[PDB]
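In the block that follows, a single chain appears as C-alpha cells, in the form deposited in one PDB entry.
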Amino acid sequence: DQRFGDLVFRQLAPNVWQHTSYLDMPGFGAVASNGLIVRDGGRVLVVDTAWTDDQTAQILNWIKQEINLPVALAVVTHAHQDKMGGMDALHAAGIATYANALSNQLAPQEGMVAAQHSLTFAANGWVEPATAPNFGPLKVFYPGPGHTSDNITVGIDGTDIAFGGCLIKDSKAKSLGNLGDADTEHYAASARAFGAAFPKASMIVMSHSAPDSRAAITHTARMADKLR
C-alpha cells in the first residue's frame, strides 16, 4: 500500500491500481471507498472519484507523479458521494466524465454534480457501445438494481479483475452495509448477474472492502437472499 497524502494506492496488475479515500462520517467511523486507475496505452482511465474534490485532485496528482500520462476519461458507478463526490475536480482538470443515465438524473437530488455524458444499457445489461466511446479495456455492465437502483459495474479486459463497486461486499462481510437506497427484492439476482457477466474474473474489487476472490460474489448474493 502506497500512502499518498491521506489516500492509499495499491497496484493490482501491471497497469491497474486501486485508489482509496476516507470520510470521517459522524456516527459511522472513517469509511474507506475504493476505485480504480487503469493505464491503456498512452492514457489513463479512472473508475470512480474519491469522497471529495480535494481528494480527487490528489488522485490526479498521484497519477501525474506515478504514471505521467493524460487522463482520458472517468466512469463513475452510481450517484453517491463515495463515487461522485469529486466530479468538479475531474471537470476542472478537463477530464471527460461518464455515468449511467439514471445516475446523472439522480445526481442533483443526491447532492452530486452529474457526469458530462450518459451511459445507456441494452436489455441484457451490457453498455450500449456508442455511449461509451474510447473506453478501451473497460467493459461496463448494469447488473440490475441492488445497492442502489443505478449501480453499474466494470470489468478490465486483459486482466482477471472485475469491479463490483458498492454492489459487492467481501467474503467475510457481516452485512450488506448501507441499504438506505437499496432494492432488496432484486439485490441477490443483481449480484449473481455481475458474476455471470465477468465469469473469468478472479480478483473482485469493491467499494468498501479490500480485493477478494469470487467468494465475495457468492457471499454477497447469499446474504442478499435473506432480504427476500
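Residues that one form lacks are left out of the comparison. Sequential numbering from 1, following the sequence displayed. Rigid core: the largest C-alpha set superposing within 1.5 Å between the two forms.
The same protein also exists as the form deposited with a small molecule bound; that form is not shown, yet it is the one meant from here on.
When contacts are judged by a 4.5 Å heavy atom cut-off, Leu23 counts as touching the small molecule in the deposited bound form.
Among heavy atoms of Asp82, some come within 4.5 Å of the small molecule in the deposited bound form. For the chain shown alone, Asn178 is a contact residue for the small molecule in the deposited bound form, at least one non-hydrogen atom being within 4.5 angstroms. In the deposited bound form, at least one heavy atom of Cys166 sits within 4.5 Å of a heavy atom of the small molecule. Remark: of stretches 152 to 160, 130 to 138, 113 to 121, 72 to 80, the one touching the small molecule in the deposited bound form is 72 to 80 (heavy atom within 4.5 Å).
Where the rigid core is used as the reference frame, a consecutive stretch of 3+ residues with C-alpha displacements of 2 Å or more between the shown form and the other one occurs only at 25 to 29.
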